[PDB]
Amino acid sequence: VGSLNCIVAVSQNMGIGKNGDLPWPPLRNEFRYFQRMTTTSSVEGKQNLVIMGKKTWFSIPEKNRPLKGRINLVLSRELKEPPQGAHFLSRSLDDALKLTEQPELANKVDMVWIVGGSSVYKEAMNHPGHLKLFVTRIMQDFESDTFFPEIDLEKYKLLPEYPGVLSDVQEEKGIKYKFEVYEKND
């Protein structure tokens, strides 16, 4: 099984969501980027796994439910089975990652991507070991009600570039944003 990775898009005031939707209007290529990063597996005959909280699952426009080409796992202590269209259900992040070692997934999974929400991000980021964060910096303030955790830069190093990730400023709908990759190993 491969790398552990978080991916997020976040505004200047640290916001990731407002009532189960994005703080900002739809950014079509930003979303294509998320799709490409999380889907693309190098290891042949494997798929990436995506791990999200229950809220995040239910915020997915149904058109993208499940996220195609990836194994979709939802985290919920309340649910008793994977939601309609999801593949797996775990009661915690540690369980999710363990499940990954079992024979049913042992060599189906390439990369695992945590795609939200706030408490999942915080736990993966605080989890010792080798981890990357793919962070789109939306370079405005947007009114939000859910927030990305603090990135501890003593631990997380911003990489000066990364294959397959544009290093320069993007703009959609008059909103500027840029793509960053942070890496820790502790």
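Don't overthink the numbering: it's just position in the shown sequence, from 1. The term rigid core refers to the maximal set of C-alpha atoms that superpose within 1.5 Å between the two forms.
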* After fitting on the rigid core, pick out whichever of 57 to 65 or 148 to 156 shows the bigger RMS C-alpha deviation in 7 other deposited structures of this protein. => 57 to 65
* **Comparing 48 to 56 with 120 to 128, the one whose average Cα B-factor in the PDB entry is higher** => 120 to 128
* Structure fact -> Mean B factor on CA atoms, stretches 106 to 114 and 93 to 101, record says higher is 93 to 101
* Structure fact -> Based on the PDB entry, the highest CA temperature factor among the options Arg137, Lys157, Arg65, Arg70 is that of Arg65
* Which of these has the highest Cα B-factor in the record: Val43, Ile151, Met37, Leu133? -> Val43
* Lowest, middle or highest third of the chain for the C-alpha temperature factor of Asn5? -> lowest
* Report the third (lowest, middle or highest) to which the CA temperature factor of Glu180 belongs, ranking only the modelled residues of the same chain. => lowest
* Structure fact -> Chain-relative C-alpha B factor for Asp145 (record values, thirds): the middle
